[PDB]
Amino acid sequence: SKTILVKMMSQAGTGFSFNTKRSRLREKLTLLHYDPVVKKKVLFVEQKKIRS
Amino acid sequence: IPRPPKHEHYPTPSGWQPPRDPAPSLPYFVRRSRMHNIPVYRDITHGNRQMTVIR
Amino acid sequence: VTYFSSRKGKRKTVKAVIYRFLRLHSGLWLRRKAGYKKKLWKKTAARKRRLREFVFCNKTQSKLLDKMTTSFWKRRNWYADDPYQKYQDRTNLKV
Amino acid sequence: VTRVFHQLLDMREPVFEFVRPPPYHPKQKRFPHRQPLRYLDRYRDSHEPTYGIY
Amino acid sequence: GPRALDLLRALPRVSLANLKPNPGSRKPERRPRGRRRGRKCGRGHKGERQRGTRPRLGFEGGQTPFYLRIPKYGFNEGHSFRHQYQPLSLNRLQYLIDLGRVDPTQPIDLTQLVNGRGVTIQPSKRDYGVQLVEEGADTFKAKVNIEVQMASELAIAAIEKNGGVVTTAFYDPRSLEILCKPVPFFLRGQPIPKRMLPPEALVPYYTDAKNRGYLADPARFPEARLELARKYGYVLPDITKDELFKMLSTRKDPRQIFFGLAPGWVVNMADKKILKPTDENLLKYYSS
Amino acid sequence: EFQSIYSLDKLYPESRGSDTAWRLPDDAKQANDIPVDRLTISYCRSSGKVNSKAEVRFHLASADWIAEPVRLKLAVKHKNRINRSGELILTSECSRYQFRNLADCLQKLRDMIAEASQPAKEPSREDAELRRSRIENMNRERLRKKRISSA
RNA sequence: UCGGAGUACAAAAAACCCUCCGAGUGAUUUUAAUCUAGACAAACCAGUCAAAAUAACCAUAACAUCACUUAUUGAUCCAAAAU
Ligand SMILES: [Mg+2]
Ligand SMILES: [Mg+2]
Ligand SMILES: [Mg+2]
Ligand SMILES: [Mg+2]
Ligand SMILES: [Mg+2]
Ligand SMILES: [Mg+2]
Ligand SMILES: [Mg+2]
Ligand SMILES: [Mg+2]
Ligand SMILES: [Mg+2]
Numbered sequence: 013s014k015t016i017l018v019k020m021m022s023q024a025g026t027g028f029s030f031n032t033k034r035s036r037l038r039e040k041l042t043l044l045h046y047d048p049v050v051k052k053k054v055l056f057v058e059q060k061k062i063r064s
Numbered sequence: 057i058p059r060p061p062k063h064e065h066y067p068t069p070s071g072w073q074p075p076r077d078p079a080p081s082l083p084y085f086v087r088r089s090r091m092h093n094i095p096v097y098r099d100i101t102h103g104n105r106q107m108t109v110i111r
Numbered sequence: 094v095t096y097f098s099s100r101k102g103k104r105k106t107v108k109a110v111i112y113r114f115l116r117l118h119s120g121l122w123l124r125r126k127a128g129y130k131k132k133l134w135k136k137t138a139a140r141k142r143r144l145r146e147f148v149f150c151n152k153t154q155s156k157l158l159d160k161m162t163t164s165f166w167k168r169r170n171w172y173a174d175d176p177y178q179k180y181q182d183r184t185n186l187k188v
Numbered sequence: 327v328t329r330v331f332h333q334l335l336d337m338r339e340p341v342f343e344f345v346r347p348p349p350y351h352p353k354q355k356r357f358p359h360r361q362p363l364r365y366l367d368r369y370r371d372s373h374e375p376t377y378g379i380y
Numbered sequence: 009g010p011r012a013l014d015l016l017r018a019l020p021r022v023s024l025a026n027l028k029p030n031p032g033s034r035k036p037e038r039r040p041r042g043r044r045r046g047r048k049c050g051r052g053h054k055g056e057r058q059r060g061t062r063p064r065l066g067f068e069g070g071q072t073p074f075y076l077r078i079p080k081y082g083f084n085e086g087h088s089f090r091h092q093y094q095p096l097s098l099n100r101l102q103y104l105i106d107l108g109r110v111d112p113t114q115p116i117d118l119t120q121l122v123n124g125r126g127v128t129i130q131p132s133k134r135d136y137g138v139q140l141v142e143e144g145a146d147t148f149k150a151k152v153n154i155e156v157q158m159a160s161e162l163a164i165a166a167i168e169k170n171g172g173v174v175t176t177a178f179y180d181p182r183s184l185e186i187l188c189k190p191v192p193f194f195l196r197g198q199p200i201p202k203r204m205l206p207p208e209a210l211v212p213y214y215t216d217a218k219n220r221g222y223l224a225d226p227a228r229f230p231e232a233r234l235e236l237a238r239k240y241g242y243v244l245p246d247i248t249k250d251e252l253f254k255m256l257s258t259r260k261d262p263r264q265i266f267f268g269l270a271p272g273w274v275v276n277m278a279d280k281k282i283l284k285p286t287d288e289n290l291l292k293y294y295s296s
Numbered sequence: 038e039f040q041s042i043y044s045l046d047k048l049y050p051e052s053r054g055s056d057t058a059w060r061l062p063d064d065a066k067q068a069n070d071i072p073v074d075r076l077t078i079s080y081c082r083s084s085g093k094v095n096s097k098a099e100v101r102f103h104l105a106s107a108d109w110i111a112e113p114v115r116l117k118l119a120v121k122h123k124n125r126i127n128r129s130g131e132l133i134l135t136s137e138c139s140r141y142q143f144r145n146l147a148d149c150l151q152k153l154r155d156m157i158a159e160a161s162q163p164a165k166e167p168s169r170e171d172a173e174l175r176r177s178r179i180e181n182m183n184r185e186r187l188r189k190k191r192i193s194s195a
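Right, dumping it as structure tokens:
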């Protein structure tokens, strides 16, 4: 198995990104993270695939 | 360099006081600087040595 | 370092310094931390902070940088709006 | 209680604070090594520019 | 005075024959001769260094050099194009007025400060002029008409309270150079050039009455000015009713370098004459 | 007598005369909050940290430039900083320049007269440092609740 | 190159083509913020802790956890990304 580095984006409409190691054979990743601009716990959904 | 203007009040706002009309009786005299200040300076050496020069 | 140039016979500056360092007028040099843009996902937030700092160089490095740098860069600068003008004098230093 | 001091004791009223000791800073070094920039502010006297001869 | 003089009667002539440099003035150099300073002569033994070949300055002996492992960051980035304003505290201004270097009677602009050697401009270093800073604000008692290229609220406030007027003017680099050292320019044999305008970044500065900008609408001046009083709590004097008022109101054209001369004239200093163009084109160019 | 295309008159045609900028519009602001001649302003100069204490003093009941409802509401909130001689004392510290201190004082006073002249002020209190106050209050009220007349 | 045990018996440090085990990551959800006193470590570069103060959340709510947990890593420049 390999893991993957994905770029995850905020749904708060604030451009904010953070990268996460995620299982390759798993589903598209979605989390509750902290967005600094809105200063809140918001939903992040993975926008992009950065490193493999 | 212009001789300083006479004022009605001493010391001046910037704190400059002219020398006296007579000179004291002391057996030494300290000339004013060419800019009319008292010639006391500070000096450093080796970064830690602090001195004061009377000229 | 070129100590005597060919055309002018003066002493040249090493520009590779002038891009990564900053000379305050006190003689302290200021630099970024190394690897601060590198592999951020893999690092602690604490470490990331330690990396985002601007830090001071020890005496040896400072003297080395001064030698590698001409007189012009040690001049007293007054910039409008300058962040660092606050830091260029030294205060309360008893040595 | 304010009424007491003025009215009875014929006094001004004393008021106190709670004063904590000023924070401890190491001797300032000529070449602070690997120290954040904000270092130079810990030994700062007061926040105001001062132009010495200028 | 100098009792030393009385010892000189007793002693022989001062001649070229007996003259001593002050002790300590000359530290004698030493040459690699003899048992001490010879035989390897301070160069050590073999290796690279005794032969004089040790590597260049930054080189660390092959490990990636300290000055190159640190990442590039804009620090000095674009430094050459940053504007530089030489600071002048009210303390120095007061001290200059007190000692009669600059006189408050006539208007004070850059040339006046330079001529009293209260300040030094070097345009080549991208000095754009003097800025006024508040160091001596409380102590400042003088009444002045001053023109600087930048100033702080507090500085202005401290000048108004005493019944003077501050104005911020702009000079481009060429203009500035000419302004600071006028007599070297008048020997140059060229006309007096137009004052350039400020660049786009500096327009919002000189258009505001806040800064008492030279390009500002005078309608806002007496308003904004009074505002500065409310803040610092002093009665704003009426400058109109003063005897020196005709001097205090004195401006420059935004296109003019000096007081009382005009773009396009020529100063012949040997004849003590001024020369002005009668041509139409020249007068349209210089007066635009 | 020089003039240019860019001159001050041709840029702003409306205002022209050299005395235009120096007019005093005392009619524009007729409010004159804080008539500084009516304040006692003290300066304690502390040099060593270099800071100059500036002190603004005036009699609260004898001050006519503030309305009566406001003059009474001020003596409530600020009764701590009032003096036994009736004086309201303001003080500023921060800058080495006492212009900035005086300005701090005057701005504080402006603010107090501002909030006191606003009837809409709700005086909202935070629970953070007042929790101890409410609970120790209530709990000395459980004991205070003993009922028999005395004296 | 990195780590654990012995060598190296009790503060630290300490070599060998010395003796022995390992690492170049998984799994999981508790997705693990900003800023800053003081320190550890240290040739330099790098590494480590961390109070108070902010902001997030129970409405006085900041150590990601497990696999011996220690190691699971790589400077500048330069390239791709656009924040
Ligand atoms: Mg010296
Ligand atoms: Mg020699
Ligand atoms: Mg020898
Ligand atoms: Mg021999
Ligand atoms: Mg030999
Ligand atoms: Mg050898
Ligand atoms: Mg200069
Ligand atoms: Mg140690
Ligand atoms: Mg905390």
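Residue numbers (the deposited numbering), protein chains in the order written: chain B6, 13 to 64; chain Bl, 57 to 111; chain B8, 94 to 188; chain Bb, 327 to 380; chain BP, 9 to 296; chain Bu, 38 to 85, 93 to 195.
We treat Cβ as the ideally placed atom computed from N, Cα and C, and that holds for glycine.
- The way I'd put it, the region 42-61 of chain Bu does touch the region 248-258 of chain BP; three or more beta-carbon pairs between them come closer than 8 Å.
- Taking a Cβ-Cβ cut-off of 7 Å, the neighbours of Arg90 (chain BP) in chain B8 comprise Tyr172, given in sequence order.
- The C-beta of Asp246 (chain BP) comes closer than 8 Å to at least one C-beta of chain Bu.
- The residue among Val174 (chain BP), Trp273 (chain BP) and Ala227 (chain BP) with its C-alpha nearest the C-alpha of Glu161 (chain BP) is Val174 (chain BP).
- According to the DSSP assignment, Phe331 (chain Bb) belongs to the alpha helix (DSSP H) that extends over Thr328 to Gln333.
- Using beta-carbon distances, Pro95 (chain BP) counts as an interface residue toward chain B8, with a partner under 8 Å.
- Your pair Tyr172 (chain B8) and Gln181 (chain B8) does not check out as a contact, with CB atoms roughly 10 Å apart and the cut at 8 Å.
- An exposed status is given to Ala65 (chain Bu), since fewer than 16 other beta-carbon atoms sit within 10 Å of its beta-carbon.
- Secondary-structure assignment with DSSP links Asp155 (chain Bu) through no beta bridge to anything.
- The beta-carbon distance between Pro206 (chain BP) and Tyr214 (chain BP), rounded to whole angstroms, is 6 Å. This is short enough to meet the 8 Å contact definition.
- Shortest gap from the CB of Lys54 (chain BP) to any heavy atom of ligand 6: under 7 Å.
- Taken from the Cβ of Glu37 (chain BP), at least one heavy atom of ligand 2 lies inside 7 Å.
- Here the alpha carbon of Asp70 (chain Bu) sits roughly 55 Å from the alpha carbon of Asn104 (chain Bl).
- For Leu17 (chain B6), the neighbours in chain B8 by C-beta distance under 7 Å run, in chain order, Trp134.
- In the three-state DSSP reduction, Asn31 (chain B6) falls in the strand class (E or B).
- For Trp171 (chain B8), no pairing in a beta bridge is given by DSSP.
- Chain BP places a beta carbon closer than 8 Å to that of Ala65 (chain Bu), counting this residue as a contact.
- For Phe193 (chain BP), the enclosing alpha helix (DSSP H) starts and ends at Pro190 to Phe194.
- The DSSP-derived three-state label of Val50 (chain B6) is coil.
- Shortest Cα-Cα distance from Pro48 (chain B6) to any of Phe56 (chain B6), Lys60 (chain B6) and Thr42 (chain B6) involves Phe56 (chain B6).
- For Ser52 (chain Bu), the chain BP residues whose Cβ falls inside 8 Å of its Cβ are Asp225, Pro226 and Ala227, in order along the chain.
- Taking 8 Å as the cut-off, the beta carbon of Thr135 (chain Bu) is found no closer than this to the beta carbon of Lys190 (chain Bu).
- In the three-state scheme derived from DSSP, where H, G and I count as helix and E and B as strand, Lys260 (chain BP) is classed as coil.
- In the three-state reduction of the DSSP assignment, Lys61 (chain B6) falls in the strand class, which pools E and B.
- The region 180-187 of chain BP makes no contact with the region 272-291 of chain BP: fewer than 3 CB pairs, one atom from each, lie closer than 8 Å.
- Taking 7 Å as the cut-off between beta carbons, the residues of the region 125-144 of chain Bu near chain Bb are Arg128, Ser139 and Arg140, in sequence order.
- Here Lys117 (chain Bu) carries a helix assignment [DSSP, helix/strand/coil].
- By the Cβ criterion, the region 138-145 of chain Bu is in contact with the region 127-146 of chain BP, since at least three pairs of Cβ atoms, one from each stretch, lie closer than 8 Å.
- Here DSSP, grouped into helix, strand and coil, assigns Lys254 (chain BP) to helix.
- By the criterion of at least three beta-carbon pairs nearer than 8 Å, the region 67-74 of chain Bl is in contact with the region 97-114 of chain BP.
- Closer than 8 Å at the C-beta level to chain BP, one finds these residues of the region 100-117 of chain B8: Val107, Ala109, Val110, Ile111, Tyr112, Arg113, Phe114 and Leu115.
- Nearest neighbour of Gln198 (chain BP) by Cα position, chosen from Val243 (chain BP), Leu24 (chain BP) and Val274 (chain BP), turns out to be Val274 (chain BP).
- Among the residues facing chain Bb, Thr184 (chain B8) is included, as its CB has a counterpart in that chain under 8 Å away.
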